[PDB]
Structures are given as C-alpha cells and as structure tokens.
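Here is the structure we will look at, set down as structure tokens.
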Amino acid sequence: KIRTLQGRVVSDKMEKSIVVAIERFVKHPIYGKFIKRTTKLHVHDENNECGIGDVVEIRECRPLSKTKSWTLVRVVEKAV
Amino acid sequence: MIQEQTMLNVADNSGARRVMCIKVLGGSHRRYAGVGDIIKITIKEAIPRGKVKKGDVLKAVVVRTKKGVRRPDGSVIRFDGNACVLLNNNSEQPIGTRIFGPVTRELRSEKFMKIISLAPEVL
Amino acid sequence: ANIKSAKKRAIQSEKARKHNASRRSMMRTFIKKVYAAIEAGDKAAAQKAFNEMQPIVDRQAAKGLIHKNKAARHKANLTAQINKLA
Amino acid sequence: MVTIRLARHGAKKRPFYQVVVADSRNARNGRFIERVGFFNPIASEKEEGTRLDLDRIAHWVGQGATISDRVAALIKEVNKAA
RNA sequence: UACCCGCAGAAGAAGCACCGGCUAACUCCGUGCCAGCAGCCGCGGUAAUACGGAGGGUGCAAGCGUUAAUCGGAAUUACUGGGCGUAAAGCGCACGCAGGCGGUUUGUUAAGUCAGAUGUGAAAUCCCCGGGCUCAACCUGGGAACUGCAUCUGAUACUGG
RNA sequence: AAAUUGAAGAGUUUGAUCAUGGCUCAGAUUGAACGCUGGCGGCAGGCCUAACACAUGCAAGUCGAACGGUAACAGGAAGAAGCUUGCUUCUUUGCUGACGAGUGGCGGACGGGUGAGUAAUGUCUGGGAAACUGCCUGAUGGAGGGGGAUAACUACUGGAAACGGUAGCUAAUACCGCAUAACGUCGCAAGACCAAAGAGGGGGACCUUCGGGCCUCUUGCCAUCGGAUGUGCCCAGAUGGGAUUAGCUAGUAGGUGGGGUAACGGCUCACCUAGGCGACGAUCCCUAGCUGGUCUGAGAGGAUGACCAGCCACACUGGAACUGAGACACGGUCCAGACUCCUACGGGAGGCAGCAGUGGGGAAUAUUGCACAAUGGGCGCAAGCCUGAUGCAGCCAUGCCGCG
Ligand SMILES: [Mg+2]
Ligand SMILES: [Mg+2]
Ligand SMILES: [Mg+2]
Ligand SMILES: [Mg+2]
Ligand SMILES: [Mg+2]
Ligand SMILES: [Mg+2]
Ligand SMILES: [Mg+2]
Ligand SMILES: [Mg+2]
Ligand SMILES: [Mg+2]
Ligand SMILES: [Mg+2]
Ligand SMILES: [Mg+2]
Ligand SMILES: [Mg+2]
Ligand SMILES: [Mg+2]
Ligand SMILES: [Mg+2]
Ligand SMILES: [Mg+2]
Ligand SMILES: [Mg+2]
Ligand SMILES: [Mg+2]
Ligand SMILES: [Mg+2]
Ligand SMILES: [Mg+2]
Ligand SMILES: [Mg+2]
Ligand SMILES: [Mg+2]
Ligand SMILES: [Mg+2]
Ligand SMILES: [Mg+2]
Ligand SMILES: [Mg+2]
Ligand SMILES: [Mg+2]
Ligand SMILES: [Mg+2]
Ligand SMILES: [Mg+2]
Ligand SMILES: [Mg+2]
Ligand SMILES: [Mg+2]
Ligand SMILES: [Mg+2]
Ligand SMILES: [Mg+2]
Ligand SMILES: [Mg+2]
Ligand SMILES: [Mg+2]
Ligand SMILES: [Mg+2]
C-alpha cells in the first residue's frame, strides 16, 4: 500500500527541501474543455539529491514544517 | 480656578470630550469658578453619537480643578486637571448618566446628589 | 455567580488553583535545578538533581497535575543532554 | 457513553419510535451511530409493530453500549414473542 | 381526548375578483379627454361591453384579490442551446511573449480517456411498491436513487509525456 | 414488479410584411403583508427587520449509601405529664423517617438560542499520522501503615447591603508523606522512579471494650494494556465577486539545536541558508456561516440555505487565563469598555441570540399557560428529585388536506 505522486522539480534552492509541481488534465465542469491544472507541493529532500528539472516520485508523510507534509521517495529522470 | 477660555475635560458620558468655559456664572465681574460652581460652556469636541454635539452651548458644574479645594483644618486636595459635568441649560441637572473619576464632597447639594452617588470615588 | 452550584464551583476551582500552583511551582524548580547543572558542566550535580526530579515529575503525572508524556520528555530530554557531556 | 434508545419521530398524538445507537449526549432526535430497530406503540397489532435487529444490538452491548428502560423492555417482549 | 350512542330543528355557517383583445364571461343607465381605468396594447369630447352604478354572466370558494419575491416561458449569457456585410457586435493595421491548437511513421510511457473490483457517498427528503390514522394532508416498512469521490488492477485506439 | 418512461405558447414597433430585439401575460413556488370576507377540523409554520435594549418568573441540579451533622417537621424515648389511666403535650436527647446551611462527589463543556464573525486553525468529498479521551466496557493485579489541616459550628467584632475581621474547634471518598511497583514511564542495558478510599445490605458457631470483630455479597477507589464513543492534528480537490486591486512576504520559506504540546509542526527561541507565494489570480477591496437539501426547470441549468438533520462559529463589546477527561465556559472567574439597577452615600449588583413577556424598529410574526404521564438528559443502589429538552395546550385562514 504505497500511495504516491509524480511531478517535476521547479525549485531546489532550499536546504533539504524542494518544490515539486504535479500537473494533470481536468475536464472543465461547465464547458467541457480539458484544462491543465498544477499542484505545487513543498517536499522533503534530505541529502538534497534532487536537481531542478528532475522528475521525481514523492509520498505523503507527517508534517515536517509549516508547509511540508511530503517527502521524497526517489528520482525518476534528470538533467533534461 | 476656571475662567473664560479655559478648557476642561469632561467627567461624564455625555459624549462631550473637551469644553471651553465662555462664562463664569453667579455674579457681575465674577472671575473664577471652582469645584461646585456652574459655568457656561461651548463644546469643542464630542464623540460621534452622544447626547450633545460640537458647538452646542450649555452649562456645566466644575468637579475637579488644579487649584483644588481647601478643607477646614487647612488641608488641600488638588487634581491633575480641570473637569466638569454637563448640565441642562434650564434644569441645570446632569445630561449624562454616568460619572468618571473622583469628585469632592463639596458637591453635596440637593442639586448634585446624583453626581456624588455615581462617582467612583468621593474625596 | 448566579446559580448555587456555580458559586460553589468558583470556590472549589480557586482552591484547586492554589493547590496546583504550589505543587507546579515546586516541580518546575526541581526541573530548573537540572538544567542549571547541565549549563555549568557538572555530571554529578546534574545526575543528582535528575534523581531528585525524577520521582516528582512522575508523581505529579500520577496526580493529574501533568500528563505522563510531559514527565517522560523531561526525563528523556535531561537524560539525553547530561549523558552528552559526562 | 454509547446508549441504545428511542428517537421519537411520527406525528403529534401518533408517536413512532426509531431505535438507535448513539452517544448519550447528543439530542434524542439528533446525531446517532446506527439504526437498529423501530417501535410503533400505536400499531394495530394485526400486523407487526415492533422490529429489532437483535444481532447488532447485542454486538453493541458486547462493546459496552447501555440500553434504555424502554428498549430493555422491548427486547424482553420481542424475545418472548419469538 | 380519539371514537360510539341519544336530543332539537334547515335549523347557527358565503364571500372575493373578473367579464375590450391577450382571457372564461354583455347589456342598459350615468358621465363626456371630465371623474376615472390601466399587467401589456390601450380606454374616456353624446350608442363607452374598457370609467362609475345596475341586471346578467365567468372564474375561484373559507377564501378571493392586490403588492412583494425566486425560477419558468426567455434559444433574452445560447455547455446542452445564439450571434457580429446592411439589425447590437471584427480592435484602423501589423509583429509577437504567455496561452490555446497542431501534419505523418515507429517504439515507449499510461497522466487524460476507457473497463472492472473494493470502500465510501449519514439519516431525513425526492421517487417506486406496500402498511397505519373513517379519507386526504400526515405518519411509517422495504427498495431504488444519491448520476460523486477515492484506492487497486487492467485495456492503449485517441489526447499528453 | 416498479422506482427522472419527458419538453406548448400569446400580446405589443408597421398602412401591411418578414427578420431583429426588448417589454408584458398564462405556470409553479412563499416563514409573507395589505384590502374585502370569514364556520369546523387534522397536520405543519410563526421577528425575514434592530448580533437593538430588556422589568418579572422560570430554563441545572442531585447524592444522608462519602462527611461532621441538626434547624425546620415527623415520629419515637429514660423522664417531665396532657391524666377523663393508654388516648396524650413539653422540657429534654439526632435515637431515626428525613433534611436547611456546610465540606465532599458527579453534572454546571450536555440539552436549548443565534448567524455577528469567518473566502478559511470553516464546510463538503477523499485520504493520512504524530495523539488525548469522564461516564460504559474486556483483561491482570493493588487496595498496606500514617500525618498535618479546614468549612460548618462556637466567642468577640465591621457593614445600609453585598459581604467580611479575629481567635477557638472538628469530620471524610477533602489534602500530603511513607511503604508496596510492572505486561507502566526514563534508560542500550545495568538499574532508577510513580498510586489508592471507603461506603452500604444481610448473617451461622464464637466472643469481647456492645462500637462491632469475624462471615458474606453489592458498590466505589489505584495501576497498566485494550475495546467503544468523543476530540485534536496533517495533505489534495472543490466550495462567491472585483485588475476602475499586480505584485505579496522578516517567523517571512527552509535547515540545525534547545524549549514546548496530549501529539506532528516556525508552535517558540537562537544560529544558519535566502528563500516562500503570485496572472492556474497572490496581495488588497466588497460580500458571506458551509452541507444534506429547498424552489423552479423535460433536462442542462437558474435561484436558494426558515422549519428537520450534520459540521462550524458566537454568548453585551475587546482581552485573558483558572478549574477540569473535556472550556479558553450560553445562565463560571479576572481585567478593561459601553450601559443599567440598589444605596442609609461610604459602597454594591447584572448581561434573554434559553422559554414566556416588555420597549423599540417594522408592511409583518403568538401565551408572562399545563405536565414531567410519554420519549430523552443530569444526579442517586433505589425510591425519587431536577429538566421552558420534550410532550402538550393557547393565539393567527400563514400554508397543506378534509368536511360543512
Ligand atoms: Mg526536542
Ligand atoms: Mg371572450
Ligand atoms: Mg377594472
Ligand atoms: Mg353611454
Ligand atoms: Mg413576479
Ligand atoms: Mg435560460
Ligand atoms: Mg440573436
Ligand atoms: Mg453594399
Ligand atoms: Mg452595425
Ligand atoms: Mg478590419
Ligand atoms: Mg507494451
Ligand atoms: Mg390507507
Ligand atoms: Mg418512507
Ligand atoms: Mg429504507
Ligand atoms: Mg441518504
Ligand atoms: Mg503518441
Ligand atoms: Mg399601427
Ligand atoms: Mg377583519
Ligand atoms: Mg399547532
Ligand atoms: Mg423569539
Ligand atoms: Mg442536605
Ligand atoms: Mg483522594
Ligand atoms: Mg511511593
Ligand atoms: Mg491511605
Ligand atoms: Mg525542532
Ligand atoms: Mg454577515
Ligand atoms: Mg428553533
Ligand atoms: Mg423558533
Ligand atoms: Mg440545522
Ligand atoms: Mg470572551
Ligand atoms: Mg488543566
Ligand atoms: Mg465552542
Ligand atoms: Mg442569559
Ligand atoms: Mg411600530
């Protein structure tokens, strides 16, 4: 039972943290067009191994800071 | 020791905050009013929704002064500023319904009994 | 207060308040002695002080003045630090 | 605690009770956990009038749910009926 | 109290709006661009079914009208479901970032999309078939519905990588 | 078997026409009002406005089976007598049925009211992990031996009242040591450390200091691990409008460590890094409790959030914590503000958005009623007591349905 998210690294500046963006398509409730929506998550990156632009697999965990409730599971693709 | 032009604070909930004395009542060429004395006042500042308004012309009784009051053994009671209680122009009875700060027993008149009862403290 | 028991409750809660205050102030005192030893670098004074503190953070927990977890952290925390020095 | 009791629905002069398991503090006709029977005191008794899921009642008792005086009666009455 | 029996006598119990077209219901008298009506059109200066009274009639009925108020009809904000030459509507013209969209083949992925399974989607309400108050409103059993969300496992044509 | 299997158009621009386009009507619906009129009943609804202000009653108590106890009333009693010799009244003594005031326990965090605030420490949907949790419940063991107090009361005394001041004096399931101490907490471990309370019902040999011992059962108390219920916390999506608001941010975003909470966490502090948010609408401004659902529509939508139920928020206004399992407390406390009431003038007291009721505002919305008989809540072993929850009744054609 390993619920997980996949997204790409938009910021790697913070010490041991990263900002990840999860993008998805969604049907528009009224006009039916499929629209891009993005969800940015502050995620934990102990060891700072995640570079900007990387594609990373993340999971939900307990609060790590005022805004971090997610941590890194592993890198998928890097340095496009 | 209040005269024309003197400014007084206000020791009630009439809504007035600053009043000017424009007449010392009670005699020709009378110079000063003190605790217990009635004055004519204009209102120079009042709160937004009170019983009176800026520029209204009325009476007031002085209840605290810097010059103070002498008591019969020689004593003095002085206050850090001058305050008064607003009075109806005709009935010379209090406009407000509450009194703030200390007053003195010199007010014990038939006329000002209501002010000493309401006062937090009586000296 | 207006109701008969409400009056009584205010009286009882004040008594309890002065009871709890007294025991609580005592307890923090004995906790503070340990942190003071630590900040002066003495193993013995700090271990000694920890031993006096132990039974009373435990007891005040049993007595509901504090919860069990609070008593534990205090013991955990102080124990961590004193060991880290001597 | 958790209690099994009658929440009074129906209409004026025509009471109809819904047997419910609930936190005893919630209002009588308010929040409940599980519905477990009903009780019509005005049933013609030509057909039905009192129905209890005794299996779930017992399950809740087994976990410490208490029982109304009136539900305790219904249960003895229904146990007698069959 | 519900309900049942007895007594007296039709005895104590009918009003409101409307009748020119839209709109079911027409005549006379009074008035004369006055007094007045009027949801919209529009009635009123000597035959006014439109004003006001009357008789007659129409529609409702312990209510009937007027006012207020939401949605409907309104495809009149148009996703379903509209338009821009002359009716309201093409920016005076071009370049262009963001954005939207993107020719054709293979492989890959499996987010969109599709399938299945599981959990959840409180009860009441709505709907269906029953049950109980003399009926109905009302009360109530069971169902169906909650067209949604989430997890897992698949499918890979189309869209995305 | 059945359970969205449903959809209308008319008048009005023109001399007339077709198109365009607005206005208007037929329909359902309403917490309605006003005008005319008005018989009965069943069920429902009833301040939409001023989260304006409130006189009076009532809305939270209960347990003598925790405790010292008697002041009321009720008996009982050696002994006083009513004495007309079994009927009795009072002096007495808590002897007991009870019970005012007091300590103590459990409840005053529920039930009930409101929608001001809040575009998010909210709600709805769906998930998480770091937690506590009275009463009820399963499991296993404790429940040993002590100590110093105190209200009531007594004496003296201050107040107009509210409510106090001295010194006495005493009980407990009030309060504190000491012992005991693991499947508990801390610790790698070795070890170290933590609790408690009695009260009743009945009784066979047996007997005393006639209190009871002792026998027995009920019940409460302590510890630990669970169950159930409740609650706290975290993430994602959704949940109003405005750019005639485009930049916002120093506890700010993250890191380390100390502190802190029941618990994760910039929750807090120091130090360090310089981040974090934003055109996928941040910031600022306006408005607003959210939902189930309600009304309308064939539907998709539009409008809406009384009555019922779920969540939240508030309790005169602003702030605060104390007690407690739970509150930052609707009829608790403290401070400040606004306001009102009492006063013998020195000082006191209170908060209907609980149920009635009053003034005010308004086009407009009810009785200062009966009962705990029923359901349900609090306390109690129970009997029972309390319950403006609730069940009912009154008022109004306000609506629905039935009948005259
Ligand atoms: Mg720490
Ligand atoms: Mg016709
Ligand atoms: Mg007419
Ligand atoms: Mg004519
Ligand atoms: Mg209308
Ligand atoms: Mg439309
Ligand atoms: Mg068009
Ligand atoms: Mg041409
Ligand atoms: Mg044109
Ligand atoms: Mg052009
Ligand atoms: Mg393949
Ligand atoms: Mg029938
Ligand atoms: Mg049904
Ligand atoms: Mg059902
Ligand atoms: Mg449902
Ligand atoms: Mg492709
Ligand atoms: Mg014409
Ligand atoms: Mg009338
Ligand atoms: Mg009624
Ligand atoms: Mg009211
Ligand atoms: Mg008593
Ligand atoms: Mg104790
Ligand atoms: Mg010990
Ligand atoms: Mg003991
Ligand atoms: Mg930390
Ligand atoms: Mg508001
Ligand atoms: Mg209500
Ligand atoms: Mg109401
Ligand atoms: Mg509700
Ligand atoms: Mg407050
Ligand atoms: Mg506490
Ligand atoms: Mg609250
Ligand atoms: Mg109140
Ligand atoms: Mg009026």
Side-chain angles (χ1 to χ4, degrees), chain A residues 1 3 6 11 13-17 19 23-42 60-70, chain B residues 13 97-98 108 113 116-117 122, chain C residues 1-7 9-10 12-17 19-21 51 54-55 57-59 61-64 67-77 79 81 83, chain D residues 1-3 5-18 20 22-33 35 38 40-44 47-48 51 60-66 68 70:
Chain A
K1 181 161 36 57
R3 301 191 44 179
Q6 287 210 16
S11 144
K13 308 250 177 205
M14 306 153 76
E15 306 199 276
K16 286 189 190 189
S17 293
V19 178
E23 209 166 336
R24 68 231 165 79
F25 270 101
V26 176
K27 190 170 146 209
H28 189 278
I30 309 202
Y31 300 118
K33 192 201 191 68
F34 281 80
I35 296 166
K36 297 187 186 177
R37 308 261 84 180
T38 308
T39 278
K40 295 216 295 183
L41 289 170
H42 296 192
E60 164 169 1
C61 58
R62 76 187 153 111
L64 266 48
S65 71
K66 186 193 183 288
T67 68
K68 270 159 58 178
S69 274
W70 293 69
Chain B
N13 61 339
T97 64
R98 305 173 68 209
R108 169 164 216 98
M113 199 40 224
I116 70 105
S117 296
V122 191
Chain C
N2 310 299
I3 315 280
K4 284 147 203 155
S5 290
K7 293 175 208 273
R9 272 289 192 186
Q12 295 183 334
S13 47
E14 231 303 299
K15 184 198 209 189
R17 188 200 65 80
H19 172 249
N20 302 337
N51 278 19
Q54 181 178 43
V57 295
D58 278 347
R59 173 198 305 259
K63 276 291 160 194
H67 191 277
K68 200 184 183 203
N69 299 126
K70 187 158 174 62
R73 300 179 317 223
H74 287 330
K75 296 189 259 176
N77 290 341
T79 299
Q81 294 212 60
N83 290 337
Chain D
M1 66 329 251
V2 191
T3 201
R5 65 190 172 186
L6 309 174
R8 183 214 206 271
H9 296 95
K12 174 149 80 98
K13 311 304 203 141
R14 293 206 101 224
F16 191 91
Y17 302 99
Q18 226 72 351
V20 296
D23 175 348
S24 56
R25 294 162 302 186
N26 288 129
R28 185 196 72 197
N29 286 22
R31 176 167 159 182
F32 60 98
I33 301 157
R35 175 176 168 270
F38 63 80
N40 197 340
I42 279 308
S44 10
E47 296 186 346
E48 211 160 26
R51 187 182 311 158
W60 274 106
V61 173
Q63 295 173 347
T66 64
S68 311
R70 195 57 180 274

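Every chain is numbered from 1 and lettered A, B, ... according to where its sequence line falls, protein lines coming before strand lines. What you see below is based on every heavy atom in this structure, not just the backbone, and it leaves out hydrogens, waters and symmetry mates.
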Across all chains, not counting sequence neighbours, the salt bridge (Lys or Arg N to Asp or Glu O under 4.0 Å) partners of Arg17(C) are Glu14(C)
Going 5' to 3' through nucleotides 182-191 of chain F, assign each nucleotide B (protein heavy atom under 4.0 Å from a base atom), S (under 4.0 Å only from sugar-phosphate atoms) or - (no protein heavy atom that close). --SBSS----
Below 4.5 Å, heavy atoms only, C-beta onward: do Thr66(D) and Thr3(D) meet side chain to side chain? yes
Decide if a Watson-Crick or G-U wobble pair links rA33(F) and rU66(E), counting it only when both distances are under 3.5 Å. yes
Residues in salt bridge (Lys or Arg N to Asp or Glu O under 4.0 Å) with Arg25(D), at least two apart? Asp23(D)
Applying side-chain hydrogen bond (donor to acceptor under 3.5 Å, both in side chains), can you list everything that pairs with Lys16(A), at least two apart in sequence or on another chain? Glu46(A)
Which part of the nucleic acid does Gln18(D) contact within heavy-atom distance under 4.0 Å: base, sugar-phosphate only, or nothing? sugar-phosphate
Residues in salt bridge (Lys or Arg N to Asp or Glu O under 4.0 Å) contact with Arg73(C), at least two apart in sequence or another chain: none
Pairing between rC83(F) and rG191(F), Watson-Crick or wobble, both under 3.5 Å: no
Identify whether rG35(F) and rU252(F) are a Watson-Crick or G-U wobble pair (both distances under 3.5 Å). no
Take the protein atom NZ of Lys12(D) and the nucleotide atom P of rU1(E), then report the distance between them rounded to whole Å. 15 Å
Considering residues at least two apart in sequence or located in another chain, which fulfil the side-chain hydrogen bond (donor to acceptor under 3.5 Å, both in side chains) criterion with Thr67(A)? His42(A)
If a protein heavy atom is under 4.0 Å from the base, mark B; if only from the sugar-phosphate, S; if neither, -; do that for nucleotides 125-143 of chain F going 5' to 3'. --BS-B-SSBBBS------
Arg14(D) has an atom CZ; how far is it from atom P of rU140(E), in whole Å? 10 Å
Using a cut-off of 3.5 Å for both contacts, decide if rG187(F) and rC40(F) are a Watson-Crick or G-U pair. no
So, using salt bridge (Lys or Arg N to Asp or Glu O under 4.0 Å) as the criterion, who are the partners of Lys68(A) when residues are at least two apart? none
Can you name the side-chain hydrogen bond (donor to acceptor under 3.5 Å, both in side chains) partners of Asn77(C), sequence neighbours left out? none
Contact string for nucleotides 327-349 of chain F, one letter per nucleotide 5' to 3', B = base within protein heavy-atom range under 4.0 Å, S = sugar-phosphate only, - = neither, reads ----SSS----SBS--B-BS---
Please give me every residue in residues 23-33 of chain A whose heavy atoms get under 4.0 Å of an atom in RNA chain F, ordered by residue number. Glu23(A), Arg24(A)
What do you reckon, do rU12(F) and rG22(F) form a Watson-Crick or wobble pair with both distances under 3.5 Å? yes
Below 3.5 Å between N/O atoms, which protein atoms pair up with nucleotides 307-318 of chain F? Just atom names and distances, please.
from	atom 1	to	atom 2	distance (Å)
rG310(F)	OP1	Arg31(D)	N	2.7
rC311(F)	OP1	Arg31(D)	NH1	2.8

Contact class for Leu41(A) vs. all strands (heavy atom < 4.0 Å): base, sugar-phosphate, or nothing? sugar-phosphate
